[PDB]
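Peer 1: Below is the file structure-v8.cif, with mmCIF, C-alpha atoms and all ligand atoms.
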```cif
data_coords
#
loop_
_atom_site.label_atom_id
_atom_site.label_comp_id
_atom_site.auth_asym_id
_atom_site.auth_seq_id
_atom_site.Cartn_x
_atom_site.Cartn_y
_atom_site.Cartn_z
CA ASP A 1 -68.91 -140.58 -85.35
CA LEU A 2 -71.77 -141.32 -82.97
CA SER A 3 -73.36 -138.89 -80.53
CA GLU A 4 -73.30 -139.41 -76.77
CA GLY A 5 -75.93 -141.88 -75.58
CA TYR A 6 -76.45 -143.22 -79.10
CA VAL A 7 -76.80 -146.75 -77.71
CA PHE A 8 -79.08 -147.54 -74.78
CA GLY A 9 -79.54 -150.72 -72.79
CA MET A 10 -81.46 -151.75 -69.70
CA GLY A 11 -80.94 -155.06 -67.92
CA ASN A 12 -79.94 -157.09 -64.91
CA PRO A 13 -76.64 -155.94 -63.42
CA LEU A 14 -75.25 -159.04 -61.74
CA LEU A 15 -72.05 -160.30 -60.15
CA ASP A 16 -70.59 -163.44 -61.67
CA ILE A 17 -69.07 -165.82 -59.14
CA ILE A 18 -66.98 -168.22 -61.21
CA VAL A 19 -65.98 -171.47 -59.51
CA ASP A 20 -64.28 -174.73 -60.49
CA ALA A 21 -67.17 -176.97 -59.44
CA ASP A 22 -66.99 -180.61 -58.41
CA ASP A 23 -69.05 -183.14 -60.37
CA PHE A 24 -71.48 -183.79 -57.51
CA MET A 25 -72.65 -180.17 -57.72
CA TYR A 26 -74.32 -180.76 -61.08
CA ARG A 27 -76.24 -183.81 -59.86
CA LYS A 28 -77.03 -182.20 -56.49
CA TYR A 29 -78.63 -179.08 -57.95
CA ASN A 30 -79.87 -180.89 -61.08
CA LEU A 31 -77.92 -178.68 -63.48
CA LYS A 32 -77.83 -179.21 -67.25
CA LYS A 33 -75.01 -178.52 -69.71
CA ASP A 34 -74.68 -174.87 -70.80
CA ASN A 35 -77.96 -174.12 -69.07
CA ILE A 36 -79.22 -171.15 -67.08
CA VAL A 37 -81.70 -171.35 -64.22
CA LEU A 38 -83.30 -168.77 -61.97
CA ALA A 39 -82.68 -170.00 -58.42
CA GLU A 40 -85.50 -171.54 -56.43
CA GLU A 41 -85.30 -172.50 -52.74
CA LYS A 42 -83.75 -175.88 -53.56
CA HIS A 43 -80.87 -174.01 -55.24
CA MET A 44 -80.19 -171.48 -52.47
CA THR A 45 -77.54 -173.49 -50.60
CA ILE A 46 -75.29 -173.32 -53.67
CA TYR A 47 -74.09 -169.80 -52.85
CA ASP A 48 -72.78 -170.63 -49.38
CA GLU A 49 -71.46 -173.95 -50.68
CA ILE A 50 -69.27 -172.42 -53.39
CA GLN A 51 -67.97 -169.80 -50.93
CA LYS A 52 -66.21 -172.70 -49.21
CA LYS A 53 -64.18 -173.28 -52.38
CA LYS A 54 -60.91 -171.53 -53.14
CA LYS A 55 -59.95 -169.76 -56.38
CA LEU A 56 -63.24 -167.87 -56.70
CA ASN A 57 -63.38 -165.26 -59.45
CA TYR A 58 -65.71 -162.34 -58.80
CA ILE A 59 -66.40 -160.34 -61.96
CA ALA A 60 -69.14 -157.97 -63.20
CA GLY A 61 -71.81 -159.72 -65.27
CA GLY A 62 -75.33 -159.38 -66.63
CA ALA A 63 -76.07 -160.16 -70.27
CA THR A 64 -77.33 -156.75 -71.38
CA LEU A 65 -74.60 -155.00 -69.38
CA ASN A 66 -71.85 -157.20 -70.89
CA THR A 67 -73.01 -156.36 -74.42
CA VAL A 68 -73.62 -152.62 -74.04
CA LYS A 69 -70.37 -151.97 -72.17
CA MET A 70 -68.40 -153.90 -74.78
CA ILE A 71 -70.05 -151.78 -77.47
CA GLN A 72 -68.79 -148.80 -75.48
CA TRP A 73 -65.36 -150.42 -75.20
CA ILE A 74 -65.20 -151.13 -78.94
CA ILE A 75 -66.28 -147.66 -80.07
CA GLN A 76 -63.81 -145.92 -77.71
CA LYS A 77 -65.77 -142.65 -77.81
CA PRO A 78 -66.66 -141.75 -74.19
CA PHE A 79 -70.32 -141.81 -73.11
CA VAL A 80 -71.63 -143.18 -76.41
CA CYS A 81 -73.38 -145.98 -74.50
CA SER A 82 -75.82 -145.69 -71.62
CA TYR A 83 -77.13 -148.36 -69.26
CA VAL A 84 -79.92 -148.66 -66.70
CA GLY A 85 -80.23 -151.39 -64.09
CA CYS A 86 -81.09 -152.02 -60.46
CA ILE A 87 -78.32 -152.87 -58.00
CA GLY A 88 -78.33 -153.08 -54.20
CA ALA A 89 -76.75 -150.71 -51.68
CA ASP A 90 -73.83 -153.06 -51.14
CA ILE A 91 -70.18 -153.33 -52.11
CA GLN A 92 -70.99 -155.63 -55.06
CA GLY A 93 -73.31 -153.03 -56.54
CA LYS A 94 -70.72 -150.31 -56.09
CA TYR A 95 -68.03 -152.49 -57.68
CA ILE A 96 -70.29 -152.96 -60.72
CA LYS A 97 -71.06 -149.24 -60.81
CA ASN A 98 -67.34 -148.43 -60.74
CA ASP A 99 -66.66 -151.03 -63.41
CA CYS A 100 -69.03 -149.13 -65.69
CA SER A 101 -67.56 -145.69 -64.96
CA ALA A 102 -64.09 -147.00 -65.75
CA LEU A 103 -65.36 -147.92 -69.22
CA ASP A 104 -66.89 -144.46 -69.79
CA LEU A 105 -70.34 -146.06 -69.77
CA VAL A 106 -73.00 -143.57 -68.66
CA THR A 107 -75.27 -145.25 -66.12
CA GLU A 108 -78.37 -144.46 -64.10
CA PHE A 109 -78.62 -147.32 -61.63
CA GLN A 110 -81.74 -147.71 -59.57
CA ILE A 111 -80.80 -148.64 -56.02
CA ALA A 112 -82.97 -151.29 -54.38
CA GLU A 113 -84.21 -150.73 -50.83
CA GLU A 114 -81.99 -152.40 -48.23
CA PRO A 115 -81.41 -155.15 -47.41
CA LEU A 116 -82.13 -156.47 -50.92
CA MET A 117 -78.68 -157.26 -52.28
CA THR A 118 -77.27 -156.92 -55.78
CA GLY A 119 -78.07 -159.98 -57.87
CA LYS A 120 -75.46 -162.68 -58.47
CA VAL A 121 -74.79 -165.60 -60.79
CA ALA A 122 -73.09 -168.78 -59.61
CA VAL A 123 -71.06 -169.93 -62.61
CA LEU A 124 -70.09 -173.55 -62.18
CA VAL A 125 -67.14 -174.46 -64.38
CA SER A 126 -65.95 -178.00 -64.97
CA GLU A 127 -64.38 -180.00 -67.80
CA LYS A 128 -67.63 -181.79 -68.70
CA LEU A 129 -70.29 -179.25 -67.71
CA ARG A 130 -70.82 -175.50 -67.65
CA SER A 131 -73.85 -174.26 -65.74
CA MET A 132 -75.26 -171.07 -64.23
CA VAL A 133 -77.56 -170.48 -61.25
CA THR A 134 -79.02 -166.98 -61.09
CA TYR A 135 -80.19 -165.05 -58.05
CA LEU A 136 -81.66 -161.91 -59.56
CA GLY A 137 -81.93 -160.14 -56.20
CA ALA A 138 -81.94 -156.36 -56.57
CA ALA A 139 -82.31 -156.68 -60.36
CA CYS A 140 -86.00 -157.54 -59.89
CA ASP A 141 -86.75 -154.11 -58.39
CA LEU A 142 -86.01 -152.25 -61.63
CA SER A 143 -89.24 -150.32 -62.09
CA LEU A 144 -91.08 -148.41 -64.77
CA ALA A 145 -91.07 -145.46 -62.36
CA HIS A 146 -87.27 -145.31 -62.28
CA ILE A 147 -87.16 -145.45 -66.08
CA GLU A 148 -89.87 -142.82 -66.52
CA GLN A 149 -87.92 -140.26 -64.47
CA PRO A 150 -86.98 -137.29 -66.71
CA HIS A 151 -83.21 -137.63 -66.18
CA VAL A 152 -83.46 -141.33 -67.02
CA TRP A 153 -86.01 -141.24 -69.83
CA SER A 154 -83.93 -138.57 -71.58
CA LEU A 155 -81.25 -141.23 -72.15
CA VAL A 156 -83.82 -143.30 -74.02
CA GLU A 157 -85.06 -140.38 -76.11
CA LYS A 158 -81.62 -139.41 -77.38
CA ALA A 159 -80.74 -143.06 -78.05
CA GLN A 160 -81.00 -144.27 -81.65
CA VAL A 161 -80.11 -147.88 -80.87
CA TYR A 162 -81.38 -150.21 -78.13
CA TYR A 163 -80.12 -153.50 -76.78
CA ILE A 164 -82.21 -155.43 -74.25
CA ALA A 165 -81.69 -159.12 -73.48
CA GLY A 166 -84.66 -161.46 -73.07
CA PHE A 167 -83.54 -161.89 -69.45
CA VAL A 168 -85.17 -158.54 -68.62
CA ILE A 169 -88.60 -160.13 -69.12
CA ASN A 170 -88.26 -161.61 -65.61
CA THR A 171 -87.36 -158.29 -63.97
CA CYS A 172 -88.98 -155.36 -65.78
CA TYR A 173 -91.07 -156.34 -68.79
CA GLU A 174 -93.13 -153.17 -68.57
CA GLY A 175 -89.98 -151.06 -68.93
CA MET A 176 -88.55 -152.97 -71.89
CA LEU A 177 -91.97 -152.99 -73.55
CA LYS A 178 -92.32 -149.21 -73.16
CA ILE A 179 -88.86 -148.63 -74.65
CA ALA A 180 -89.55 -151.07 -77.50
CA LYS A 181 -92.78 -149.20 -78.34
CA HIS A 182 -90.87 -145.90 -78.27
CA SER A 183 -88.19 -147.34 -80.56
CA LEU A 184 -90.63 -148.63 -83.18
CA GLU A 185 -92.62 -145.41 -82.96
CA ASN A 186 -89.55 -143.29 -83.75
CA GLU A 187 -88.13 -145.77 -86.29
CA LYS A 188 -85.08 -146.52 -84.16
CA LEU A 189 -83.02 -149.71 -84.06
CA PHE A 190 -84.18 -152.14 -81.39
CA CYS A 191 -81.95 -155.18 -80.80
CA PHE A 192 -83.23 -158.18 -78.84
CA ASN A 193 -81.58 -161.37 -77.55
CA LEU A 194 -83.43 -164.66 -76.99
CA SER A 195 -81.01 -165.16 -74.05
CA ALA A 196 -82.13 -168.59 -72.80
CA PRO A 197 -84.30 -171.59 -73.73
CA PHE A 198 -86.56 -171.15 -70.67
CA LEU A 199 -87.71 -167.71 -71.85
CA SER A 200 -89.19 -169.08 -75.06
CA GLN A 201 -90.81 -171.95 -73.16
CA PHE A 202 -92.23 -170.09 -70.17
CA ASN A 203 -92.39 -166.49 -71.40
CA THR A 204 -93.39 -167.12 -75.00
CA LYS A 205 -95.85 -164.23 -75.13
CA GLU A 206 -93.25 -161.71 -73.95
CA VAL A 207 -90.64 -163.07 -76.33
CA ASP A 208 -92.97 -162.93 -79.33
CA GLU A 209 -94.24 -159.49 -78.32
CA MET A 210 -90.67 -158.16 -78.06
CA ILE A 211 -89.87 -159.70 -81.45
CA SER A 212 -92.70 -157.65 -82.95
CA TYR A 213 -90.75 -154.49 -82.00
CA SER A 214 -87.28 -155.82 -82.78
CA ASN A 215 -85.33 -154.86 -85.88
CA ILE A 216 -82.53 -157.29 -85.03
CA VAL A 217 -82.94 -160.55 -83.11
CA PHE A 218 -79.99 -162.54 -81.77
CA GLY A 219 -80.22 -166.18 -80.78
CA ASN A 220 -78.29 -169.41 -80.45
CA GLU A 221 -79.05 -172.98 -81.51
CA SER A 222 -80.40 -174.03 -78.12
CA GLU A 223 -82.88 -171.12 -77.91
CA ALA A 224 -83.93 -171.61 -81.54
CA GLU A 225 -84.84 -175.23 -80.81
CA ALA A 226 -86.81 -174.40 -77.66
CA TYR A 227 -88.56 -171.59 -79.54
CA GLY A 228 -89.31 -173.85 -82.49
CA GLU A 229 -90.82 -176.64 -80.44
CA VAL A 230 -93.10 -174.22 -78.58
CA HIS A 231 -94.35 -172.83 -81.90
CA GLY A 232 -94.91 -176.26 -83.45
CA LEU A 233 -91.92 -176.08 -85.81
CA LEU A 234 -91.13 -179.80 -85.74
CA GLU A 235 -89.16 -180.08 -88.99
CA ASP A 236 -85.89 -178.22 -89.67
CA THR A 237 -86.40 -176.47 -86.33
CA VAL A 238 -83.44 -174.07 -86.23
CA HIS A 239 -83.83 -172.91 -89.84
CA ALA A 240 -87.60 -172.88 -89.42
CA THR A 241 -87.24 -170.71 -86.32
CA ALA A 242 -84.99 -168.18 -88.07
CA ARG A 243 -87.51 -167.90 -90.90
CA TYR A 244 -90.47 -167.73 -88.50
CA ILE A 245 -88.94 -165.03 -86.28
CA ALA A 246 -87.77 -163.00 -89.28
CA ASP A 247 -91.25 -163.21 -90.86
CA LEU A 248 -93.25 -162.31 -87.74
CA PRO A 249 -95.29 -159.11 -88.29
CA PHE A 250 -94.21 -155.89 -86.59
CA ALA A 251 -96.53 -154.48 -83.91
CA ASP A 252 -97.82 -151.68 -86.18
CA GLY A 253 -98.26 -154.10 -89.08
CA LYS A 254 -95.95 -152.03 -91.27
CA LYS A 255 -93.58 -153.68 -93.75
CA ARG A 256 -90.09 -153.57 -92.29
CA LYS A 257 -86.85 -155.54 -92.44
CA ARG A 258 -86.09 -157.66 -89.38
CA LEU A 259 -82.63 -159.22 -89.27
CA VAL A 260 -82.23 -162.54 -87.44
CA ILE A 261 -78.91 -164.11 -86.43
CA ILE A 262 -78.67 -167.56 -84.86
CA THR A 263 -75.23 -168.58 -83.59
CA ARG A 264 -74.25 -172.26 -83.49
CA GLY A 265 -71.08 -172.47 -81.40
CA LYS A 266 -68.06 -173.59 -83.43
CA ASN A 267 -70.34 -174.44 -86.35
CA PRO A 268 -71.46 -171.84 -88.94
CA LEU A 269 -74.00 -169.29 -87.71
CA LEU A 270 -77.27 -168.70 -89.57
CA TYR A 271 -78.71 -165.38 -90.68
CA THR A 272 -81.60 -164.03 -92.72
CA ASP A 273 -84.11 -161.20 -92.81
CA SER A 274 -87.77 -160.59 -93.68
CA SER A 275 -87.09 -159.70 -97.31
CA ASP A 276 -84.68 -162.58 -97.83
CA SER A 277 -86.17 -165.89 -98.94
CA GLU A 278 -82.97 -167.71 -98.00
CA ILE A 279 -81.03 -168.53 -94.85
CA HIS A 280 -77.27 -168.07 -95.07
CA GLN A 281 -74.40 -169.86 -93.34
CA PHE A 282 -71.44 -167.89 -92.04
CA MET A 283 -68.30 -169.73 -90.95
CA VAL A 284 -66.69 -168.68 -87.68
CA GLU A 285 -63.19 -168.81 -86.14
CA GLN A 286 -61.77 -172.27 -85.44
CA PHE A 287 -60.25 -172.99 -82.01
CA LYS A 288 -57.96 -175.73 -80.76
CA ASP A 289 -59.09 -177.23 -77.43
CA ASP A 290 -56.33 -175.48 -75.46
CA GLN A 291 -57.17 -172.09 -76.99
CA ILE A 292 -60.65 -172.13 -75.46
CA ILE A 293 -60.33 -170.60 -71.99
CA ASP A 294 -63.93 -169.71 -71.14
CA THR A 295 -66.79 -169.31 -73.63
CA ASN A 296 -69.07 -167.70 -71.06
CA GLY A 297 -70.35 -164.39 -72.38
CA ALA A 298 -69.37 -165.24 -75.97
CA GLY A 299 -72.95 -164.55 -77.05
CA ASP A 300 -72.95 -161.20 -75.27
CA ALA A 301 -69.72 -160.26 -77.01
CA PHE A 302 -70.98 -161.49 -80.37
CA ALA A 303 -73.95 -159.12 -80.18
CA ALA A 304 -71.76 -156.21 -79.06
CA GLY A 305 -69.33 -156.88 -81.91
CA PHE A 306 -72.07 -156.97 -84.53
CA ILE A 307 -73.94 -153.90 -83.30
CA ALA A 308 -70.85 -151.73 -82.81
CA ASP A 309 -69.96 -152.19 -86.47
CA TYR A 310 -73.44 -152.36 -87.95
CA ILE A 311 -74.56 -149.03 -86.46
CA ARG A 312 -71.53 -147.34 -88.01
CA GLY A 313 -72.57 -148.44 -91.49
CA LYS A 314 -70.36 -151.49 -92.01
CA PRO A 315 -72.00 -154.06 -94.32
CA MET A 316 -73.54 -157.31 -93.05
CA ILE A 317 -70.56 -159.62 -93.67
CA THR A 318 -68.09 -157.09 -92.28
CA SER A 319 -70.29 -156.77 -89.17
CA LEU A 320 -70.51 -160.56 -88.76
CA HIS A 321 -66.70 -160.79 -88.76
CA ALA A 322 -66.57 -158.05 -86.13
CA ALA A 323 -69.06 -160.06 -84.08
CA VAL A 324 -66.95 -163.22 -84.23
CA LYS A 325 -63.86 -161.22 -83.27
CA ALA A 326 -65.64 -159.79 -80.24
CA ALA A 327 -66.81 -163.30 -79.30
CA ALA A 328 -63.38 -164.87 -79.86
CA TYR A 329 -61.75 -162.21 -77.69
CA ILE A 330 -64.02 -163.16 -74.77
CA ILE A 331 -63.53 -166.88 -75.43
CA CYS A 332 -59.76 -166.56 -74.86
CA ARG A 333 -60.45 -164.88 -71.52
CA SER A 334 -61.91 -165.78 -68.11
CA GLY A 335 -65.34 -164.31 -67.44
CA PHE A 336 -66.55 -161.26 -69.31
CA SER A 337 -63.17 -159.59 -68.95
CA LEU A 338 -62.40 -156.52 -71.05
CA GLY A 339 -58.65 -155.84 -71.02
CA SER A 340 -56.72 -152.92 -72.47
CA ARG A 341 -58.37 -151.63 -75.62
CA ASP A 342 -55.01 -151.47 -77.42
CA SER A 343 -54.54 -155.24 -77.20
CA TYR A 344 -57.82 -155.93 -79.00
CA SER A 345 -56.03 -156.04 -82.37
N1 LIG B 1 -66.30 -173.72 -79.33
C1 LIG B 1 -66.30 -172.47 -80.13
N2 LIG B 1 -65.44 -172.28 -81.12
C2 LIG B 1 -65.44 -171.16 -81.84
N3 LIG B 1 -66.38 -170.11 -81.56
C3 LIG B 1 -67.26 -170.26 -80.58
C4 LIG B 1 -67.27 -171.42 -79.83
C5 LIG B 1 -68.29 -171.28 -78.89
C6 LIG B 1 -68.87 -170.03 -79.10
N4 LIG B 1 -68.24 -169.44 -80.13
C7 LIG B 1 -68.49 -168.11 -80.70
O1 LIG B 1 -69.46 -167.44 -79.91
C8 LIG B 1 -70.50 -166.90 -80.76
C9 LIG B 1 -71.80 -166.88 -80.00
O2 LIG B 1 -71.95 -168.03 -79.18
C10 LIG B 1 -70.48 -167.79 -81.99
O3 LIG B 1 -70.92 -167.04 -83.12
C11 LIG B 1 -69.00 -168.12 -82.15
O4 LIG B 1 -68.28 -167.21 -82.95
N1 LIG B 2 -81.23 -164.09 -65.58
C1 LIG B 2 -80.09 -163.30 -66.12
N2 LIG B 2 -80.23 -162.02 -66.43
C2 LIG B 2 -79.24 -161.31 -66.92
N3 LIG B 2 -77.95 -161.90 -67.12
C3 LIG B 2 -77.75 -163.17 -66.83
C4 LIG B 2 -78.79 -163.93 -66.32
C5 LIG B 2 -78.28 -165.21 -66.11
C6 LIG B 2 -76.94 -165.19 -66.50
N4 LIG B 2 -76.66 -163.95 -66.93
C7 LIG B 2 -75.37 -163.45 -67.41
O1 LIG B 2 -75.08 -164.05 -68.64
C8 LIG B 2 -73.67 -163.90 -68.87
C9 LIG B 2 -73.22 -164.92 -69.88
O2 LIG B 2 -73.72 -164.60 -71.18
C10 LIG B 2 -73.02 -164.00 -67.48
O3 LIG B 2 -72.05 -162.97 -67.33
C11 LIG B 2 -74.19 -163.77 -66.50
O4 LIG B 2 -73.96 -162.74 -65.56
CL CL B 3 -79.76 -158.42 -68.73
#
```
As structure tokens, what does this structure read like?
Ligand SMILES: Nc1ncnc2c1ccn2[C@@H]1O[C@H](CO)[C@@H](O)[C@H]1O
Ligand SMILES: Nc1ncnc2c1ccn2[C@@H]1O[C@H](CO)[C@@H](O)[C@H]1O
Ligand SMILES: [Cl-]
Peer 2:
Amino acid sequence: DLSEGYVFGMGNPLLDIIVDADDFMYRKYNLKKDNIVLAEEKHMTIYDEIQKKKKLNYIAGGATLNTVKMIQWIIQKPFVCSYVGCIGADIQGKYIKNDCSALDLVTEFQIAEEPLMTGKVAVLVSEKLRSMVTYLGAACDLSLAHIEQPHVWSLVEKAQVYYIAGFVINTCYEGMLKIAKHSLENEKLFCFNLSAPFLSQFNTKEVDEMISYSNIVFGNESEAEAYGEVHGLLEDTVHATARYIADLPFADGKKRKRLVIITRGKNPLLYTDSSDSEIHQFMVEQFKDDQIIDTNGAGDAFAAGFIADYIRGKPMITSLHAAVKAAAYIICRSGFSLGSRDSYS
């Protein structure tokens, strides 16, 4: 039985806008398969353009938020998880804030100065391509000051486990760095997600620095390849990356075990740790084509599933199965939708 605020996350609270996109959209905005981009000016028309389309699905998002609130949902004990993010003073931000309260997730949202609106993600869904365009908006205003407030920082201090996605590097690196240093200093469990290929390519220093404070690092095949190329791991890139990341020294240079898990879609995931000379394969659930509804957020769920079991003392393999279950649950659902806890099986 975990104490209240045992798990802490900070991240980008965003609204997912899920649309059945036409094929021209992907060529028009130069969007790649399963890719994530931070919007530039050339992307900005996308948001008004998709508003013209029917059947829009508006649902709470944000990688870190998805994970931490599903941990909360899994554990069922009220207020075990706490989350910090920056939203805007708009209806979207309030919707997200109410979504959290409904899940018994303790939050301390920073509110961005008007008229900076809550961030949003355009999720373009089609048969051939899945792609995301991110407008961070209010999420960028998350500040070290907000975090260092006594009523906020106290959430961090009582936390024994942290989850922060790589995505937070673009919004509040100073905050996530401070918390990571606190975690390693008090021998707590800091969990980190590689989140997206562009982070390893363009924010390599921040990624590697975070890794040096991370006890558990989550990644997928795509991120592992981008990471590996950047570090000159030309042969056996994915395996080489798992080994490299696992073996990277901790910030204080102390000998410690860092667990690394690299998911590979429908194919077996890889895992290893610093003390393990080998990399293991773990088979995952098989899906027929018609069973796959929407894989978006599967990675977020995977992490939540693993952590929720691992921090309660379940062994590695047991925790990996719980991670796949969490991921499979999201896969059979549209958006990061958490239904009634009873029907989780
Ligand atoms: N097409 C598929 N078939 C079965 N599982 C899938 C997919 C795609 C993703 N996943 C599950 O999500 C986890 C993290 O991506 C992966 O670990 C994995 O469990
Ligand atoms: N730059 C970012 N920072 C934080 N979260 C992000 C992004 C971009 C996309 N997402 C979130 O990722 C979820 C899918 O795993 C989607 O639910 C989507 O909201
Ligand atoms: Cl995030």
Peer 1: Sorted by chain and rising residue number, list the residues of chain A at most 10 Å from ligand LIG 2 (chain B) (counting all atoms listed in the file), each with its closest atom pair and distance in Å to one decimal, as a tab-separated table.
Peer 2:
```
residue	atom	partner	partner_atom	distance
A:11	CA	B:LIG2	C2	6.6
A:12	CA	B:LIG2	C2	4.7
A:13	CA	B:LIG2	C2	6.9
A:14	CA	B:LIG2	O4	5.5
A:15	CA	B:LIG2	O4	6.2
A:16	CA	B:LIG2	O4	5.2
A:17	CA	B:LIG2	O4	8.6
A:18	CA	B:LIG2	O3	9.5
A:35	CA	B:LIG2	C6	9.3
A:36	CA	B:LIG2	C5	6.1
A:37	CA	B:LIG2	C5	7.3
A:38	CA	B:LIG2	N1	6.3
A:39	CA	B:LIG2	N1	9.4
A:59	CA	B:LIG2	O3	8.2
A:60	CA	B:LIG2	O3	7.1
A:61	CA	B:LIG2	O4	3.7
A:62	CA	B:LIG2	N3	3.7
A:63	CA	B:LIG2	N3	4.1
A:64	CA	B:LIG2	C2	6.7
A:65	CA	B:LIG2	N3	8.0
A:66	CA	B:LIG2	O3	6.8
A:67	CA	B:LIG2	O2	8.9
A:119	CA	B:LIG2	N2	9.1
A:120	CA	B:LIG2	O4	7.2
A:121	CA	B:LIG2	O4	5.6
A:122	CA	B:LIG2	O4	8.5
A:123	CA	B:LIG2	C10	7.9
A:131	CA	B:LIG2	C6	9.6
A:132	CA	B:LIG2	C6	6.5
A:133	CA	B:LIG2	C5	7.2
A:134	CA	B:LIG2	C5	5.4
A:135	CA	B:LIG2	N1	7.7
A:136	CA	B:LIG2	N1	6.4
A:139	CA	B:LIG2	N2	8.3
A:140	CA	B:LIG2	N2	9.8
A:164	CA	B:LIG2	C2	9.9
A:165	CA	B:LIG2	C2	7.3
A:166	CA	B:LIG2	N2	8.0
A:167	CA	B:LIG2	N2	4.5
A:168	CA	B:LIG2	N2	6.4
A:169	CA	B:LIG2	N2	9.0
A:170	CA	B:LIG2	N1	7.5
A:171	CA	B:LIG2	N2	8.4
A:195	CA	B:LIG2	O2	7.9
A:196	CA	B:LIG2	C5	8.4
A:199	CA	B:LIG2	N1	9.7
A:295	CA	B:LIG2	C9	8.6
A:296	CA	B:LIG2	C9	5.1
A:297	CA	B:LIG2	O2	3.6
A:298	CA	B:LIG2	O2	6.5
A:299	CA	B:LIG2	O2	5.9
A:300	CA	B:LIG2	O2	5.4
A:301	CA	B:LIG2	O2	8.3
A:335	CA	B:LIG2	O3	6.8
A:336	CA	B:LIG2	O3	6.1
A:337	CA	B:LIG2	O3	9.6
```
Peer 1: Between A:42, A:341, A:53, A:231, single out the one closest to residue 103 (chain A), counting all atoms listed in the file.
Peer 2: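 Closest to residue 103 (chain A), using all atoms listed in the file: A:341.
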Peer 1: Calculate how many Å separate CA of residue 237 (chain A) from CA of residue 220 (chain A), rounding to one decimal.
Peer 2: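 Between CA of residue 237 (chain A) and CA of residue 220 (chain A) the gap is 12.3 Å.
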Peer 1: Could you jot down the CA of residue 96 (chain A) to atom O3 of ligand LIG 1 (chain B) separation for me, Å, one decimal place?
Peer 2: 26.5 Å
Peer 1: Residues within 8 Å of ligand LIG 1 (chain B) (all atoms listed in the file), as a list in words?
Peer 2: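 I would give the residues around ligand LIG 1 (chain B) as residues 220, 262, 263, 264, 265, 266, 267, 268, 269, 284, 285, 286, 287, 292, 295, 297, 298, 299, 300, 301, 302, 323, 324, 325, 327, 328 and 331 of chain A.
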Peer 1: Mind giving me the straight-line distance from CA of residue 145 (chain A) to CA of residue 109 (chain A) in Å, one decimal?
Peer 2: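 So the answer is 12.6 Å.
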Peer 1: Could you tell me which of A:193, A:233, A:58, A:128 comes closest to ligand CL 3 (chain B) if we count only C-alpha atoms and all ligand atoms?
Peer 2: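 Closest candidate: A:193.
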Peer 1: Find the residues near residue 254 (chain A): any atom within 12 Å, counting all atoms listed in the file, skip ones fewer than 4 places away on the same chain, and give them as a list in words.
Peer 2: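 In the requested format, the answer is residues 184, 185, 187, 212, 213, 248, 249, 250 and 258 of chain A.
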Peer 1: Do a neighbour search on residue 162 (chain A) at 12 Å with all atoms listed in the file, toss out local chain neighbours closer than 3 positions, and write the hits as a ChimeraX atom specification.
Peer 2: /A:5-11,64,67-68,71,81-84,155-159,165,176-177,179-184,187-193,213-217,303-304,307-308,311
Peer 1: Compare A:85, A:232, A:219, A:339 by their minimum atom-to-atom distance to ligand CL 3 (chain B), counting all atoms listed in the file, and give me the closest one.
Peer 2: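 Selected residue with least distance to ligand CL 3 (chain B): A:85.
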Peer 1: Contacts of residue 1 (chain A) at 12 Å or less, counting all atoms listed in the file, minus same-chain residues fewer than 3 places along, as a count of residues only?
Peer 2: 12
Peer 1: Give the answer as one residue: which of A:306, A:173, A:244, A:198 has the shortest atom-to-atom distance to ligand CL 3 (chain B), using all atoms listed in the file?
Peer 2: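 Between A:306, A:173, A:244, A:198, the residue approaching ligand CL 3 (chain B) most closely is A:173.
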Peer 1: Could you tell me which of A:69, A:342, A:241, A:137 comes closest to residue 40 (chain A) if we count all atoms listed in the file?
Peer 2: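 Nearest to residue 40 (chain A): A:137.
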Peer 1: Would you mind telling me which residue in A:320, A:102, A:125, A:74 lies nearest to residue 343 (chain A) when using only C-alpha atoms?
Peer 2: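 For residue 343 (chain A), the nearest of the candidates is A:74.
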